[PDB]
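Enquirer: First the structure, then my questions, so here it is.
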Amino acid sequence: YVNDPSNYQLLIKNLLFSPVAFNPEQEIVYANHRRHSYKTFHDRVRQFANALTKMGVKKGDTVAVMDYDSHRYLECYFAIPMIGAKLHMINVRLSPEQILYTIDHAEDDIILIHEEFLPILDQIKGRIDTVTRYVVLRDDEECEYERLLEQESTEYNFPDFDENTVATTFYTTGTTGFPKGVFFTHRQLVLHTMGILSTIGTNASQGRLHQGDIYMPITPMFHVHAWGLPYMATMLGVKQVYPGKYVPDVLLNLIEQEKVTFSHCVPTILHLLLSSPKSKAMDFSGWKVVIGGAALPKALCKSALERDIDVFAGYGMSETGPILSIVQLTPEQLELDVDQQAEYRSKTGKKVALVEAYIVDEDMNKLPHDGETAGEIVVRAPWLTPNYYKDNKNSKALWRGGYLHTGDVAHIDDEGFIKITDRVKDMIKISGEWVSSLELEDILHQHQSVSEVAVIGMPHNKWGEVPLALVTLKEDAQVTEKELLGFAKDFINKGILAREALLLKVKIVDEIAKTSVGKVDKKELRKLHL
Amino acid sequence: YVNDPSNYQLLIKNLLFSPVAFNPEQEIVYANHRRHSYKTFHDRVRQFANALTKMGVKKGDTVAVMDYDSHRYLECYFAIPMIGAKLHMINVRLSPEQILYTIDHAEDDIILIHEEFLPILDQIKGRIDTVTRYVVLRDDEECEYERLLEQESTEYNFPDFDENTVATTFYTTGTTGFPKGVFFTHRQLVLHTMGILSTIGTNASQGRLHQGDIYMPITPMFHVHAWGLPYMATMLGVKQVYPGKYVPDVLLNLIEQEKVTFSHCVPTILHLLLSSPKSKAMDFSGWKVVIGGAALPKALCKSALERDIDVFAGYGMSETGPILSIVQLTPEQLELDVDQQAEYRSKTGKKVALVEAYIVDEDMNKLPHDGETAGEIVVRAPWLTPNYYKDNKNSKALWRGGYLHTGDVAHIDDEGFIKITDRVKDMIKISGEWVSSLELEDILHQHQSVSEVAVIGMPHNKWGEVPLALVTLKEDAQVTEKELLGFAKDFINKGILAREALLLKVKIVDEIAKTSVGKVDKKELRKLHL
Amino acid sequence: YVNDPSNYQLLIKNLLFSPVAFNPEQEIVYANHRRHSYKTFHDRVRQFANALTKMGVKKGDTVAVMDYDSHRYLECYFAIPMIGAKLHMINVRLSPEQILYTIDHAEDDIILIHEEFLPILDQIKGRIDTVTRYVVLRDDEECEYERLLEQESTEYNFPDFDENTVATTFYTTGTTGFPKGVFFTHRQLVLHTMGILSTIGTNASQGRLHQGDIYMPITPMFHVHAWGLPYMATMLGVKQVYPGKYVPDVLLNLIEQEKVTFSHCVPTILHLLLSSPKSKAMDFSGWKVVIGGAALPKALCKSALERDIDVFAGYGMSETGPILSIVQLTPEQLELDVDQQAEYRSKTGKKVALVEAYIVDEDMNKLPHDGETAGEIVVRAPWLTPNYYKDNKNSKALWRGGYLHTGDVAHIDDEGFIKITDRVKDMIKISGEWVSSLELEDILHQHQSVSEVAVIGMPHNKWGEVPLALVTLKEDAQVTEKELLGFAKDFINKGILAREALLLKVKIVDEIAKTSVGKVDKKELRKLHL
């Protein structure tokens, strides 16, 4: 590759070596295990580059990583793309069959795997081909990663190549029969960092990431680039803390001791942290957790707000960078009390810089932003995956009509706020309208004797797909389906026949199927019950 | 596509419409179900082309087929490639998981499936995407295939395109973790038909396919194009008989009644046909079965020869056309008695026209053709798959050194005869030599109380991979491992320490794992026992 | 030229080194002069390659050959194309002016010429340029070809190049003012061998070439590649016998002694062989002569059939491979007596595999195959010359309408049999119809006092081109033109006015002009008499 110096390529090496701020004595902390300054981090990145070059890794090669959040993963977030290779992130929460499928599909050359993830490999070891080396990671001095770095020098000259070379890849489940591979380039990652920093960094007084913060991931970091936060934090030169196993009492101790001020997690982990007894007497009024997993509930947001936590939500869905929208509160919205605070902070939010985010119907009709008319979200951003890896027909449905189809059904306010109602596939087609099942599940969950609810659709000739409810009862609770039908019928203010109360068809089941990640198996139920 | 008429493209449509011989009143017979002349076959091919065009099938599209041997499959062997689409052949003997994987990998648009294969689809129906139509096939008037053809006209103008467009594809298991896809073009299929017809058609008096024969497949026909025989037979304009379910007493009745003279089957089906009581009083001295499945045994060949059956073997392995070599007997080899007859007829055979077939070592050293020096077979033919579909590193191991690696270890005589000894992966590395496990299994199977034997390798520091034997005992038989060790030690005439008798390590196991096709699971045993 | 090994090129070297069968002890016999096995033939081919490389012959160069049928010509049929050069075949029966024209037009670099063809060169020696070396061939030890081979080694590594490189060329007279050059590639020759072997090799019991035959050319072998037979025979590894001068009593002795079973000749040579006294007591019932020169007559075919000779005809015309059609008899046609046998065996025959062979009018109207409607034959085959060498307007008339124009007028039966009636230029246009002159010549030749007849056309305003007959009288025979007119008028069953008997205009001439090859000069007569 020959380049004139006039033409500038947006590369990750520029993100690391030309930051917003660089503090040599700023530290990276691996929880109670390791601690080293940014100088050491740069030296280790160059050593890892030397070690990878010694192993035969080339520009087109692919390296797979399977471990928790640590300094090693931050070093993998940089070293592998700079040398020109592809960083494949393995979802350790998938089944061994799916993991083996993704490894075979991506054709990984070298696999870095943590020690306690070894049993998962042990039952798919012989099925794996095209893999030449396994590097076992450990939390003590016996780590093979550390041994490989020591044998190397801290000098390295990082190449300059085209900005459109692929940098990272990972696989998403979704609604398909097999996991789908999404990839991003150097230019896309650099642009995502720039855009999100411009959007959230310029906020007046709420929910802003600045150069004085201390960062901590609580998202698995093998999923969506940890929302791109490790790339952003490194660019700000801020202190970074990595917990590892995500134990609540280790996380709380680390927030207390390292003085963490910025984080991202999911509603379940946040609920665990807030409910843990050790957190009952710990200061929280410096912390800015971002909730991005799914559907930050109002009750959780309110309970966090009573603890003086700057909690706010964001939207991203594994093919979109991921970040597409974040809630930002104007100065007159900060004076509202907690009830209105939790209303706004729980929304999907306004779209970030350089995002279009239209609402449409199957006809691509671009429905108006009145506030109640719902439709699918279609977006155009600088950091969207062009297609699925080694896929043709799924790729054409992804980019149908000239826009990326997220698969989420939402309505957009006049001011810009987005509120996601449901999924496109979870829309049930009664007559000629589309009502959401999430509101029905929320209504049924309000029952005192109901544990969990799943609402699905069943065919009917004259009224299309009509509702069906599967509920799980609590301890020593026995309520008939008639009582639940009446309880749902008691509510008001909805369209359709009366209030769409003749076809609820609630049924009591002992258990409800769930994915390996922990989401309801609406599709296998679409299979089991009909 | 614009073509000058001077430039000639080798297409399958030329194979059908410009045959060696065309007899309008010659018939195609579906066993006791249907019977129609070649005129009707041509009309039905054009009708099927019209029906496929009406369904939206284009040049790049792919159509999957899942049924038995019938007139419908012969029509699919022609109509789908002519219109420009890809014919994907589905192995109905694989597990539903593997079938679903292959359907997803090939991205089939339309699936033609037989009725009694429906349950297999029923448990993978929801997992399948990218498939728009299912056509259910039946043996009565209710067939959807027949209904779709009736609605069409017998006229059609078949396009002319480049001869390198892909025509057929199917998936092979092999030693990999997932099935591998192999594809062939129009030119390759036409050349395979020409070459094999030139090779076996020109034989003086033995094992020749000529224009006076009656053809019958006994190979599943979704595996290796049924050895290309349906393409050859159609070109000769010979009578074709299709049995369907491969029942021995239906097959024998069809051979008796339709006067079948040419066939291809596997050793198991041939043994079933010869041992069936109904065949005890049926004339067989006009039949020329070709054994191509695996390792035609000498005893079976001798027993077939005592029935005056022109039985001979052929070699092909799913990435090679398939045909690479066929045994042909010279006029002075026909005067030998049955003992020498079964020796020659059971060999791999001389390579067919336009095949190179060298023997080599890992160093590509091209070992001499002395008669006992064994090595891997590497071939160059006009009809080899260039690579695996959507695969890179497996494709490079397939064509390593400029030749296609079959994975079979054989020695080649001076005259040209090839005798396959074992597989490359089943070679066990004692010290510095490679002895075959097939001979050891044959020796151990000679025991009177032994049912089946599998020989594998186990590590040992000073002597490399050494042998281990797993045997299954017959009814009410209990022989210790010492007796089997001594019985194997009793034999003579082999290299290595004495006769390599200190490490046989025979073990008695109730059962031995087998693939879904019926082959020993040497690799899962490499896993279970070590 | 760089080639991946996956892409297979159809070359003549594959035809020689990857045959259908290879027998090292099988022999090549030059009549009573030389005899050497196939091992020696391969060694001599490599030696000839070395010698040609030493002389400065390159990939684009052209080598001309002028001799009889011998082992040397078979070696030239292989060695020159493999090294990449063009083999130019010189018609030794042309006039020295035409030979000089063809040598100048092809621009030959090196000329191999037999000794007794030297006088022909002696009178055009000074006119020839661009020729650097003459190699004189002899039937004794003084041959320069043998001396050049001895000085060389038997090792050679034959190059691999594109299959579309030109291999052979020769010139045809035809109807043009100068000879026309036709050329073929490696791919075309390989495909011609494959197709013809598939067509005639697969016949049930009549007229088949198999691996047990002994081959002998009786066609000059510098005309149409000897019908491609030397390429086919070498691929079958059969014994080959070369007579040289085509003396009838040397040919009969060679058939008797070498046990020849397959041959191709012309009607004149076959008549000479059958009428020779030495053949009166020689067994003929193993011989399969193919008549391909022109118009195998029924009387000759019947007389050959009474000798138990499997005589059959074939069609080819120097721009078409040459083979386009061969007569093949079905099993129920073998039971007919000699009268019906000679009817079928004398026809043009059914088209061979991969040939289209339509019948058309000037409007390209594709006349039906009723059995009596005649028209020009237009063909599409894999082995047709794309154009004439260094010619533009003749090339466009050759491939007018998207088909190759043979220039022969024939009618095609419903079953497929072709019967050539005449030539396009020899069609005479009375009124609005086209009657053939060959039938008129045959009718006039039936006279007892008539030696030879030529029928031509003359202008007439109201009836177009009308007939004229030139006859030669036998010894001491004087029949007036009135008697011949009446004899022709006596016949019946033809169209036109009455039976087209008012314009026969028979004339008695002492002699009739003939070409240097021995065909009637219809065009110079079109010039002399009108």
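As a convention, Cβ positions derive from the backbone with ideal geometry for all residues, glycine included, and neighbour counts pool all protein chains shown. We did not get these values from a lab; they are worked out from the coordinates using the rules stated.
Enquirer: Take the alpha-carbon positions of segment C:123-175, form their convex hull, and give its projected area averaged over all directions (one quarter of the hull surface) in nm².
Expert: 7.9 nm²
Enquirer: Dividing the convex hull volume of the alpha carbon atoms of segment A:287-374 by its residue count, what do you get in Å³ per residue?
Expert: Values: hull volume 11.6 nm³, N = 88.
Per-residue hull volume (Cα only) is 132 Å³.
Enquirer: Still on this structure, I have one more. Considering all projection directions equally, how large on average is the shadow of the alpha-carbon convex hull of segment B:441-489, in square nanometres?
Expert: Quarter of the Cα hull surface area: 3.6 nm².
Enquirer: Next question. Based on C-alpha coordinates, I'd like the Rg and Dmax of segment A:189-269, in Å.
Expert: 12.7, 36
Enquirer: Which semi-axis lengths, in whole Å and largest first, follow from the square roots of five times the eigenvalues of the Cα gyration tensor of segment C:364-434?
Expert: Values for segment C:364-434, descending: 24, 16, 10 Å.
Enquirer: Here's a follow-up. Pull up the DSSP beta bridges for the protein assembly as shown and report the antiparallel fraction as a percent, rounded to 5.
Expert: So the antiparallel bridges in the protein assembly as shown amount to around 55 percent.
Enquirer: Let me ask something else about it. Evaluate Rg over Rh across segment B:1-95, taking Cα atoms for both radii and Kirkwood's formula for Rh.
Expert: Taking Rh as the inverse mean 1/r over Cα pairs, Rg/Rh reads 1.00.
Enquirer: How many Å³ per residue does the convex hull of the Cα positions in segment A:131-283 occupy? Present the calculation step by step, with values, prior to reporting the outcome.
Expert: Values: hull volume 31.0 nm³, N = 153.
Residue-normalised Cα hull volume stands at 203 Å³.
Enquirer: Please figure out what share of the DSSP beta bridges in chain C is antiparallel and state it in percent, rounded to the nearest 5. Don't skip to the answer; put the middle values down first.
Expert: Working: 42 of 75 bridges.
Roughly 55 percent of the DSSP beta bridges within chain C come out antiparallel.
Enquirer: More than 21 Å apart: what percent of Cα pairs in segment C:408-530 qualify?
Expert: 42 percent
Enquirer: Give me C:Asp308, A:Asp104 sorted ascending by neighbouring Cβ count inside 10 Å, so fewest comes first. Please list the in-between numbers first.
Expert: Values: C:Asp308 11, A:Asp104 20.
Fewest-to-most Cβ neighbours within 10 Å comes out as C:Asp308, A:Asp104.
Enquirer: Report, to two decimal places, the Cα Rg of segment C:154-193 normalised by 2.2 N^0.38 Å (N = number of residues). Please list the in-between numbers first.
Expert: Numbers: Rg = 14.5 Å, N = 40, 2.2 N^0.38 = 8.9 Å.
Compared with the compact-globule rule of thumb, segment C:154-193 sits at 1.62.
Enquirer: On average, how much area does the Cα convex hull of chain A cover when viewed from any direction, in nm²?
Expert: With the hull built on Cα positions only, its mean projection is 26.9 nm².
Enquirer: Report the one residue of A:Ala313, A:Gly201, B:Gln151 whose Cα lies farthest in the direction of the positive end of the charge dipole of the protein assembly as shown (charges on C-beta: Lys and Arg +1, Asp and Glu -1; origin at the Cα centre).
Expert: A:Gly201
Enquirer: Run the helix sum for the protein assembly as shown: -39,500 (n - 2.57) per DSSP H stretch of 4+ residues, divided by residue count, reported at 222 nm to the nearest 500 deg cm²/dmol.
Expert: The per-residue figure over the protein assembly as shown is -8000 deg cm²/dmol.
Enquirer: To the nearest whole number, what is the average tally of beta carbon atoms from other chains within 10 Å of the beta carbons of peptide C:349-355?
Expert: Partner-chain Cβ atoms within 10 Å, mean over residues of C:349-355: 4.
Enquirer: Another question about this same structure. Whole percent per 10 Å bin, from 0 to the bin with the longest distance: what is P(r) over all C-alpha pairs of segment C:82-152?
Expert: Result returned by the calculation: 17, 51, 28, 4.
Enquirer: Could you give the size of the charge dipole of chain A about its Cα centre, using +1 on the Cβ of each K and R and -1 on the Cβ of each D and E, expressed in debye and rounded to the nearest 20? Before the final figure, lay out the partial values.
Expert: Details: 57 positive and 73 negative charges, 163 e Å.
Taking the Cα centre of chain A as origin, the dipole is about 780 debye.
Enquirer: Right, here's the next one. Please state, to two decimals, what the Cα-based radius of gyration of segment B:330-378 comes to when divided by 2.2 N^0.38 Å (N = residues).
Expert: 1.46
Enquirer: Could you pull the Cα extents of segment A:320-420 along its three principal axes, largest to smallest, in whole Å?
Expert: Principal extents (largest minus smallest coordinate, Cα): 50, 26, 19 Å.
Enquirer: Considering only DSSP states other than H, G, I, E and B, which trypsin sites (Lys or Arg not before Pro) in segment C:74-182 qualify as loop sites with at most 16 other Cβ atoms within 10 Å?
Expert: C:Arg93, C:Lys125, C:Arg127, C:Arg138
Enquirer: Can you tell me the alpha carbon radius of gyration of segment B:474-530 divided by the globular rule-of-thumb value 2.2 N^0.38 Å?
Expert: On the way: Rg = 14.4 Å, N = 57, 2.2 N^0.38 = 10.2 Å.
Dividing the Cα radius of gyration by 2.2 N^0.38 Å gives 1.41.
Enquirer: Jot down the radius of gyration and Dmax of segment C:224-282, Cα atoms only, both in angstrom.
Expert: Rg, Dmax (Cα atoms, Å): 12.3, 36.
Enquirer: At a 10 angstrom cut-off on C-beta neighbours, averaged per residue, how do the peptides B:156-164, A:372-380 rank from highest to lowest?
Expert: A:372-380, B:156-164
Enquirer: What is the distance in Å between the Cα centres of segment B:478-526 and segment B:378-394?
Expert: 35 Å
Enquirer: If you count, for each residue, the other Cβ atoms within 10 Å and average over each peptide, how do B:467-479, C:193-205 line up from highest to lowest? Could you put the intermediate results ahead of the total?
Expert: Working: B:467-479: 15.9, C:193-205: 23.9.
Result, highest mean Cβ count within 10 Å first: C:193-205, B:467-479.
Enquirer: Rank B:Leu485, B:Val260, B:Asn3 by how far each Cα sits towards the positive end of the charge dipole of chain B (+1 on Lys, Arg Cβ; -1 on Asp, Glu Cβ) and give me just the farthest.
Expert: The one lying farthest along the dipole's positive direction is B:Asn3.
Enquirer: Three principal axis extents, largest first, for the C-alpha atoms of segment A:232-342, in Å?
Expert: Taking the Cα atoms of segment A:232-342, the three principal extents are 34, 34, 25 Å.
Enquirer: Could you check how many percent of all C-alpha pairs in the protein assembly as shown are farther apart than 61 Å?
Expert: That fraction is 36 percent.
Enquirer: If you count, for every residue in B:11-21, the Cβ atoms of partner chains within 10 Å of its Cβ, what is the mean? Present the calculation step by step, with values, prior to reporting the outcome.
Expert: Numbers: counts 0, 0, 0, 6, 2, 0, 2, 11, 4, 12, 8.
Other-chain Cβ atoms within 10 Å of each residue's Cβ, averaged: 4.
Enquirer: What's the average, rounded to a whole number, of partner chain beta-carbon atoms within 10 Å of each residue's beta-carbon in B:127-133?
Expert: 3
Enquirer: Over 24 Å between C-alpha atoms is what I'm after, so list which of C:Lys390/C:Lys419; C:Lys245/C:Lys298; B:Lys489/B:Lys523; B:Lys350/C:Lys239; C:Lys396/C:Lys425; B:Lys429/B:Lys507 land there.
Expert: C:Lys390/C:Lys419; C:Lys245/C:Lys298; B:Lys489/B:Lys523
Enquirer: Order C:454-462, B:26-34, C:235-243 from most to least packed using the mean count of other Cβ atoms within 10 Å.
Expert: Peptide ranking by packing, descending: C:235-243, B:26-34, C:454-462.
Enquirer: Still on this model: Give me the dipole magnitude in Debye, nearest 20, for segment C:365-427 about the Cα centre, with unit charges on the beta carbon: positive for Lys and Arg, negative for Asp and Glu.
Expert: So the magnitude is around 620 debye.
Enquirer: Another question about this same structure. Provide Rg and Dmax in Å for segment B:152-234, with only Cα atoms included in the calculation.
Expert: 16.1, 46
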